[PDB]
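Student: sequence first, structure after; it's an experimental one.
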Amino acid sequence: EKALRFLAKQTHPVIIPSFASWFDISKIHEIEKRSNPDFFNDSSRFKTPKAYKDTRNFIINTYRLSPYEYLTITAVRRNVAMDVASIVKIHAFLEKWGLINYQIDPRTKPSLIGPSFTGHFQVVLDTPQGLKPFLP
Amino acid sequence: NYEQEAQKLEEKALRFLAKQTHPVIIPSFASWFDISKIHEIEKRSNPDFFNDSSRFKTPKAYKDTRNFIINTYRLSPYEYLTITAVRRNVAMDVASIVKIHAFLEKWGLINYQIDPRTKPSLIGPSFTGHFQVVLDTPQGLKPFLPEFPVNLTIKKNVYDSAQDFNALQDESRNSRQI
Amino acid sequence: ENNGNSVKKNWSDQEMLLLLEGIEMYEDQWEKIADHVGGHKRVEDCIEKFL
Amino acid sequence: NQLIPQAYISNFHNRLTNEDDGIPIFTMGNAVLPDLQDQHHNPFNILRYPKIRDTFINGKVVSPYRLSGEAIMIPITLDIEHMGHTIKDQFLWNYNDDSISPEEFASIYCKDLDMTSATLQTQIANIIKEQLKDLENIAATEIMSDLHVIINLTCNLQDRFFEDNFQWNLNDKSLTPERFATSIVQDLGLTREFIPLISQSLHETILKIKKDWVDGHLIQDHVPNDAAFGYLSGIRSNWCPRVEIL
Amino acid sequence: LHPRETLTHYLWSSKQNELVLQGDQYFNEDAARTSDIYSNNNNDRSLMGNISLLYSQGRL
Amino acid sequence: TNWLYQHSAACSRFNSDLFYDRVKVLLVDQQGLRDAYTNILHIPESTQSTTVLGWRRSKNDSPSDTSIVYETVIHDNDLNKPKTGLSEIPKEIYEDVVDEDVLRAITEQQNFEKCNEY
Amino acid sequence: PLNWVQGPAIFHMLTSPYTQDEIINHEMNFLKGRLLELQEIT
Amino acid sequence: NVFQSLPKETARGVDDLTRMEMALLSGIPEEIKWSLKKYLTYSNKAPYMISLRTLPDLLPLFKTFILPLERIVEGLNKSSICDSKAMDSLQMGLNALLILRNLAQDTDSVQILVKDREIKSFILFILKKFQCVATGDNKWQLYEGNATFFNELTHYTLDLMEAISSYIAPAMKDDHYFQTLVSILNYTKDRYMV
């Protein structure tokens, strides 16, 4: 009633992996019902399933509008009025099944700032009679 | 296209490698440790992360702060790493990060007071062999490829003997021939 | 000669001669042998070549 | 010979009082560090970098200091003026754990600052004892009944003030706020020092709100304001984070 | 009674005792006056690797 | 109308804006940072190859040689299938699935991901 | 409480036999040459 | 200038006693061999350095080698020691048993060994198996090829029983130590053991 136009006008075409062929864009079913069951078994007044429908549609279509960039958690939090503790659940759920961060430019994914990786560094051993190299 | 993308990935991977200039000495009894996986000595000395008692102490956060401490030590080996320098960068409670720092200093993985000029050198294992460490592809330098198991040696390096393996001399002595 | 020779473990006749001159000189003191060879060889290789 | 010893340099306090490095602890090619550039196996080359002969010239020699079913996290602020220079920082504390005493943390924390005045330790430990004993039965709560409060949040770090808005459910315990601040700083590209400083500025607000659920017991679970997309169907979100330099 | 873990014991211990008896064959008269110990026997590796240690102890 | 498209386009512009912010400062302008507490150049983790796989042995060509060849290498399997992790899912969930070749594709992707070693 | 102390002189003999009668003379010489060197410290 | 004021006492790495104490606490087997050899040398030549009164966190570090030797003694009636991995554990256990035998002639390293209620279970176990050898009972007949593994196993236990018996000075009626040794005395032919 409102998203038909939005899927029609400005959405880049659908790319979906083979182990996501069980996905249903219309309604939900038992996989999403048993993975995160808090939206269904009366957790609160807020977590009714229709809001879950609206948020999963908004996330997957927001990835449809730009399939070559990583859809981050903050950029969907700007216009989804829901718990951040459930935005994280739905976002990790949809990324986990390879739907909405599947085929992207790999230099778009946010990585945490940190020091370099020292695994290829050379270590030498402090043997009690010398300094033999550490070569397994 | 595959050869050019492989050469491109090799170039922009050697661009980010953190080349070694300082040797790192660990004590011989702490040779059980590996950067990648968690050993059973760490699982019985710090059980608070593996009992699933609290929510703020998972093995993933343990491994992240452990690799953080060891990687910020080995890039500057000559400098004594302190607790306050680590506490401002990692988000854990203070007691646990003090436990992990005292653990890593107990085994001599960090902060190992030694002067290697007053000890000899040895040849323990065999002489020859193409010792090649196998890393992973850093996801972020992968090719774009809008629609291939190529392995690439980044840095070749030869050593004549263990005495120049211990001091990081790569037969550059043809430059400085004394 | 005075020039730096080729890649190590070649042992040209000049270096063999100077090694044997050093062993006739000093009878010990392998630092004073290895510099008399030319100083571009270690003690731990002059002993491995005289044996 | 010709090998650097593995330790014995602890040039940390001079970078605390460098006045170029933006450290808020004290008051009174074109790269900078060779962690991506080889030096062709001469250590002397590392003396061309201007922050590294700073740690060999101005360095000193240090001696190494030698040494429950549910954690309860309590944020602790620290604000002490002492001989012109001050100390303003913040850190969490595990109330259920007692493996380290605040006297021992005061002896450790005073040693990196290179004060060792033997009376800063007592003052720091008394402030920590005070802020722990003031909050012993306010962070041990068992909150139910779906509060879902709104949170404005600010962070002060050297005229680079962080501020954001979000809806929070403090009834489920799935989302660690340290993981939340990690997800923020991964996205905005900030330095790693904002990783504790947001979460340490969040737990306090959690026990500010928890406070009103227990002390006055004011429920006031009435319309957390939204934008008619999620929970409360107005017509069928709030804001976004930012870093403002004042 | 149980033949498996005594034949494995035989195949282990006979091999180990053969190695122990063949631990002494390069210390003869005319096997040490010649040169086929020091040169080219990196296959052996046992001696001529102690020379980095024995000079550092002053024995020579 | 004109609500939901406007909101989703604003989300995508905000996403690309955060990307163009985070890519210039860290990697392009000065290629890293500098921690003030420790003299360590911070770098984004995506260019760093987090794990380390097994070792490999060999021998040099000429016998009776004493030289050591220490080196590195990269490795991956096929470098095109991504790492959307299905192994962090228990095996009791996806057994009321609709098809059987869907189950085969899930097991194929999981057996691909468990071949991180060589 | 730490005290960085020099350890005792342990007689590690160069050649190591196994029968006792090939050891006792060397160990007597070690006991004499240690207790005489140590007696002057008192 | 900063590389001139190094403390001379710590510029060799760690000291050897902490090296020996950490080497056993790891799991590297050759470094365990080195640590046990050096503990044996220091126990023979200067036992007061490894006096249990001084270093209290050292006796469980030997219990963790001596206590899994009971399974080996149980399985020693057949040719059990097949590979080169169980034998190394056997030799480490016998060497740690010798170290605790050598520390038990001190009268201050002895009361800590007596007050432990688990070393005496091992002594009683070894003596019960040697009583099964000395009587000739059909249960647990000794395999002869393991006999040199067992013989020096039972000379290092009696020397503990010779040292701790003064602290078992109240003798009961139906005692197992007294019954076992009075069974052993009829069998043996060693002057030292008698």
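Tutor: All right, it came through fine. Residues are numbered from 1 along each chain as shown, chains lettered A, B, ... in the order given.
Student: how far away is the residue nearest to the spatial centre of chain E from residue E:39?
Tutor: Taking CA atoms, centre = their mean, the centroid of chain E lies closest to residue E:23, which sits 4.3 Å from it. Distance, residue E:23 to residue E:39, by CB to CB, to the nearest Å: 22 Å. In short, each C-beta sits where N, CA and C put it, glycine included.
Student: about what we covered before: tell me which helix or strand the residue nearest to the centre of chain E sits in.
Tutor: Counting by DSSP states H and E, there is no helix or strand that carries residue E:23.
Student: which parts of chain C sit against chain F?
Tutor: Selection of chain C residues close to chain F by CB under 8 Å from any CB of the partner chain yields residue C:9.
Student: where does chain C get nearest to chain F, which residue?
Tutor: Residue nearest to chain F within chain C: residue C:9 (7.9 Å; CB to the nearest CB).
Student: which element is the closest residue to chain G within chain E on?
Tutor: Going by CB to the nearest CB, chain G is nearest to residue E:59 of chain E, at 9.3 Å. Assigned by DSSP H and E, residue E:59 falls within no helix or strand.
Student: could you check how many residues crowd around it?
Tutor: Using other CB atoms under 10 Å in any protein chain shown, residue E:59 is surrounded by 9 other residues.
Student: separation between it and residue D:215?
Tutor: Residue E:59 sits 80 Å away from residue D:215 when distances are taken as CB to CB.
Student: report how many residues lie close to residue 55.
Tutor: I went with chain A, as the question did not name one. Residue A:55 has 21 nearby residues by other CB under 10 Å.
Student: meant chain F actually
Tutor: Using other CB under 10 Å, residue F:55 is surrounded by 12 other residues.
Student: residue ranges of the helices in the chain, please?
Tutor: Just going to use chain A. Along chain A, counting by DSSP state H, helices occupy A:3-9, A:30-35, A:49-64, A:73-77, A:84-96.
Student: looking at chain H here, not the other one
Tutor: Per DSSP H, chain H carries helices over the ranges H:16-25, H:29-45, H:59-66, H:69-75, H:86-102, H:111-115, H:119-135, H:147-164, H:176-184.
Student: list the contacts of residue G:13.
Tutor: By CB atoms under 8 Å, 6 or more residues apart in numbering or on different chains, the residues touching residue G:13 are G:23, G:26.
Student: so what's the backbone phi/psi at it?
Tutor: The phi/psi pair for residue G:13 (degrees, to the nearest 10) reads phi -80, psi 150.
Student: show me what contacts the residue nearest the centre of chain A?
Tutor: Closest residue to the average C-alpha location of chain A: residue A:95 at 2.9 Å, with CA atoms, centre = their mean. Under the criterion of CB under 8 Å, 6+ apart, the neighbours of residue A:95 are A:101, F:84.
Student: for it, give its distance to residue A:57.
Tutor: For residue A:95, the distance to residue A:57 (CB to CB) stands at 16 Å.
Student: angle of the longest helix along chain F against helix A:49-64?
Tutor: Assignment by DSSP H gives helix F:4-23 as the longest helix of chain F. Here helix F:4-23 points in a direction 60 degrees away from that of helix A:49-64 (axes from the mean of the first three to the mean of the last three CA atoms, to 10 degrees).
Student: buried stuff in helix F:4-23?
Tutor: Across helix F:4-23, burial judged by 16 or more other CB atoms under 10 Å in any protein chain shown covers F:4-5, F:7-8, F:11-12, F:14-15, F:18-19, F:22.
Student: and what of stretch D:68-83?
Tutor: Neighbour counts using 16+ other CB under 10 Å place D:71-76 of stretch D:68-83 among the buried residues.
Student: what sits up against it?
Tutor: Counting by CB under 8 Å, 6+ apart, B:48, B:53-57, B:93, D:28, D:86-97, D:115, D:120, D:123-124, D:127-128, D:131-132, D:135, D:139-140, D:200-201, D:203-204, D:207 sit against stretch D:68-83.
Student: how about the contacts made by the most centrally placed residue in chain C?
Tutor: Nearest to the geometric centre of chain C sits residue C:37, at 3.5 Å (CA atoms, centre = their mean). Counting by CB under 8 Å, 6+ apart, residue C:37 touches C:15, C:18-19, C:22, C:46.
Student: stretch D:230-238 spans what distance, first to last residue?
Tutor: End-to-end distance of stretch D:230-238 (CA to CA, to the nearest Å): 11 Å.
Student: what does stretch H:136-156 give?
Tutor: For stretch H:136-156, the first-to-last residue distance is 22 Å (CA to CA).
Student: residue D:53: which of the buried residues of helix F:4-23 is nearest?
Tutor: residue F:22 (32.3 Å; CB to CB).
Student: so who does that closest one touch?
Tutor: A:110, D:187-189.
Student: again, 7 Å this time
Tutor: When contacts are counted by CB atoms under 7 Å, 6 or more residues apart in numbering or on different chains, residue F:22 touches A:110, D:188-189.
Student: which of these ranks first by neighbour count?
Tutor: Using other CB under 10 Å as the neighbour criterion, residue A:110 leads those with 22 neighbours.
Student: what's the closest non-adjacent residue to that residue?
Tutor: Leaving aside its chain neighbours, residue A:110 sits nearest to residue D:186 (4.1 Å; criterion: CB to CB, 6 or more residues apart in numbering or on different chains).
Student: so what's that neighbour up against?
Tutor: Taking CB under 7 Å, 6+ apart, we find residue D:186 in contact with A:110-112.
Student: name the nearest of those relative to chain H.
Tutor: residue A:112 (32.3 Å).
Student: can you tell me how far that closest one is from chain E?
Tutor: The gap separating residue A:112 from chain E is 45 Å, by CB to the nearest CB, to the nearest Å.
Student: so that residue sits against residue D:182, correct?
Tutor: Yes: taking contacts as CB atoms under 7 Å, residue A:112 lies within contact range of residue D:182: 6.4 Å.
Student: what is the burial count for the residue in chain D that chain G sits nearest to?
Tutor: Among all residues of chain D, residue D:66 sits closest to chain G, at 8.8 Å; criterion: CB to the nearest CB. Close neighbours of residue D:66, defined as other CB under 10 Å, add up to 8.
Student: equivalent analysis for residue H:128, please.
Tutor: Counted with other CB under 10 Å, residue H:128 comes out at 15.
Student: and residue H:97, by the same measure?
Tutor: 23.
Student: excluding chain neighbours, what is closest to it?
Tutor: That would be residue H:156: by CB to CB, 6+ apart, it lies 5.1 Å from residue H:97.
Student: residues contacting the one you found?
Tutor: H:97-98, H:101.
Student: which of the helices of chain A is buried the deepest?
Tutor: Of all those, helix A:73-77 has the most neighbours on average by mean count of other CB atoms under 10 Å in any protein chain shown, namely a mean of 24.
Student: how far is that one from where the chain is centred?
Tutor: 11 Å (CA atoms, centre = their mean, to the nearest Å).
Student: same check, this time on stretch D:159-175
Tutor: That offset, for stretch D:159-175, works out to 15 Å (CA atoms, centre = their mean).
Student: and it, does that touch chain F?
Tutor: No: if you take CB under 7 Å from any CB of the partner chain as the test, stretch D:159-175 misses chain F, and the best it gets is 13.3 Å.
Student: return the set of buried residues in that stretch.
Tutor: Neighbour counts over stretch D:159-175 (16+ other CB under 10 Å) mark D:162, D:164, D:166-170, D:175 as buried.
Student: before we move on, what about stretch H:94-112?
Tutor: Buried residues in stretch H:94-112, counting neighbours by 16+ other CB under 10 Å, are found at H:94-104, H:106, H:109-110, H:112.
Student: can you name the residue of chain C nearest to chain A?
Tutor: residue C:44 (12.5 Å).
Student: just to be sure, residue D:2 is in a helix?
Tutor: No: under DSSP: H, G, I helix; E, B strand; the rest coil, residue D:2 falls outside any helix and is assigned coil.
Student: ok, now which ones touch it?
Tutor: Shown in contact with residue D:2 (CB under 7 Å, 6+ apart): residue B:167.
Student: could you measure from the residue most central in space within chain G over to chain B?
Tutor: Closest to where the C-alpha atoms of chain G average out (CA atoms, centre = their mean) is residue G:11, at 4.1 Å. Applying CB to the nearest CB, the value for residue G:11 to chain B is 23 Å.
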